[PDB]
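What follows are structure tokens for two forms of the same protein chain, given separately as structure 1 and structure 2.
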Structure 1
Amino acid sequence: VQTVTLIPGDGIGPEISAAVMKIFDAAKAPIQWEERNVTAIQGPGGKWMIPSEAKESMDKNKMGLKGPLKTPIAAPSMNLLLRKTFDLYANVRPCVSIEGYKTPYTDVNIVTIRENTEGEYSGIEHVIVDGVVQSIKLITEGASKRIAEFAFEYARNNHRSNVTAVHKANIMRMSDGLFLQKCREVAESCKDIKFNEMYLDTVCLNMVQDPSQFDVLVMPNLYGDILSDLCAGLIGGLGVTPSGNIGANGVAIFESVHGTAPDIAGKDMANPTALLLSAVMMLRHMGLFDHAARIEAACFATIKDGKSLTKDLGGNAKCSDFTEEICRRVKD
């Protein structure tokens, strides 16, 4: 039995967390949950930090499952704090078409891997003179090298054949040039993986026409996660897309890319697919492939029959019913 840190989070979070806990229990998965409800405090001086209780837990257990968390009302988000505390440098977002849920894109099997410490996150905005705003963004050699190494490592460990580096090196000659340079170095070591480079705007142009050509996409964080969101839109949206953040010292936190959904935060409505498939990613990362495959197949089979789907996928059924039917099928 293995201990993973559970951050239930806000809004629909507690509902969907409970749902995942139930599926794992029904599947007889060797997982026990250390609940940590994490809220921002002030420690040495006025500096914001996560509670020691939650940090001790994650540093020990290494594996985390996380519901959605709120943005603060007054101006330092919990997602930012978790990101900096554990040095979550690699965001992984697999996008696979779901056989039951039909979109105009049926052939999608894409993993986006995004640098998660710089670009948009290293930013400062400031006012130069009245009505003139400057933004300042950063890209480093070390972080570019680290994400490139990770992308090719992920490609091996997940039986992927192609890694495409995504850039705007026409505009961003120095920063994307540095990114491509470091991707090219790693590509020399890992000749068993096919490597190519593509313009971001060309990726987008083609993605929308034929997503089947794309395998693993690696990119810096200069544009945030817009490309990942495009890929998510191809397969049904935020309610079904899983995510993982891999960091320093073996730490990996898995989460849904969707928000707290405060409008539907009222009891029994939210789709737990996204968090569940993130928990599936977590199992695979832990080496628990047999439990991953079974839980995964149970979720897919429930969606394929389509008689108890949640309101966002077009069905009339509520969360607990959808959850109950996955628990039913996973026992077999």
Structure 2
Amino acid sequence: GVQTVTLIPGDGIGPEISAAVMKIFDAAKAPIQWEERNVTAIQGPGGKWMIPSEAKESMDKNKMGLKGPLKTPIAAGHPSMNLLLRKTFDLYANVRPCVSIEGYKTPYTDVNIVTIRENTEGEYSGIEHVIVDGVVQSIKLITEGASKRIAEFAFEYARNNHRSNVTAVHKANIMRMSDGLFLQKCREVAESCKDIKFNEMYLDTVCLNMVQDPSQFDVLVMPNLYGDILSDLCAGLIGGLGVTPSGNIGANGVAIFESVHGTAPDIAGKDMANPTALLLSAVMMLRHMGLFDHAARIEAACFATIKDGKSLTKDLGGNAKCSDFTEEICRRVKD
């Protein structure tokens, strides 16, 4: 049949690249009905920020999601709608794969890396308050049960996708109790899976080793104590924010696929944004849904365009409009 999926066009360069991936999916006869829904910060009755009700009933019905980036005030205002979205649907695994693009040459060759980050605790414990004048205190909490659920996710991912190694990336030398628990739970799941090789590294070691040689790494698992800056380091390895895709995975096959990048305000509206990121997340969603043939087709179209280099885009090689780039992929998918 024809399955539907909730689309959130988002803010900034969101609506452009959303339109860009819808066209490539239209051009591919992809059996997918978009349900365009808007998510802005509506403030609930008790002051607690809530999603738009139209958006939540949409996600509950479809349990699949492709969203663009959302603006979050870079000073004060509403809390990030992405943290809110991830927690209200309990998408506890954030999966970010960095693989090099064969057509696009970069100082780093043949990187293949999956960053599995826990997606609901840590700095997503939104409690942060003022103690006295000019003194701010933040309270983050990690639970045992979440540490175990992400380590199990990580090891299952390593098995479902035929990855040989898993590395727990921790700061247990400095955050004894928190990361000591995460390592404690990572180690238990590792004993039940001798087929996957396990090791632990300190995050500061990993960052240094990564920019020197990513070929040492396979899947990396992390608590949400240090943000998503390891996969931002990884994003630069393969070509920046225009190409790195994302997935927020939950249980019972619920997921919201987005990209690592943000609203891109400096380029917003100028029809110069790169839609490879959101496109590659949408082929993540496709392979999640089992539409494997539409996936390989759309993905081959995208890479073969990047490889031709004729109609690239400003974040990559040369100047061509997002519209121009989306069209040369549409031309590729149909043939």
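Just so we're on the same page, residue numbers count up from 1 along structure 1's sequence. Whichever C-alpha set is largest while still superposing within 1.5 Å between the two forms counts as the rigid core.
Participant: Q134: CA shift of at least 2 Å between structure 1 and structure 2 after core fit?
Facilitator: Yes, the C-alpha position differs by at least 2 Å between structure 1 and structure 2.
Participant: Core-aligned, does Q32 move its Cα 2 Å or more between structure 1 and structure 2?
Facilitator: Where the cores coincide, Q32 shows only a C-alpha shift between structure 1 and structure 2 that is less than 2 Å.
Participant: Honestly, after the rigid core fit, is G247 moving at least 2 Å at Cα between structure 1 and structure 2?
Facilitator: Passes the 2 Å threshold, so yes.
Participant: So, with the core fitted, how far does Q42 move at its Cα between structure 1 and structure 2, in angstrom?
Facilitator: It moves 2.9 Å at the C-alpha.
Participant: How many Å does the Cα of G123 travel between structure 1 and structure 2 when the structures are matched on their rigid core?
Facilitator: Its C-alpha shift, to one decimal, is 5.3 Å.
Participant: With both forms put on the same core, how far apart in Å are the CA positions of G9 between structure 1 and structure 2?
Facilitator: Its C-alpha position differs by 0.7 Å.
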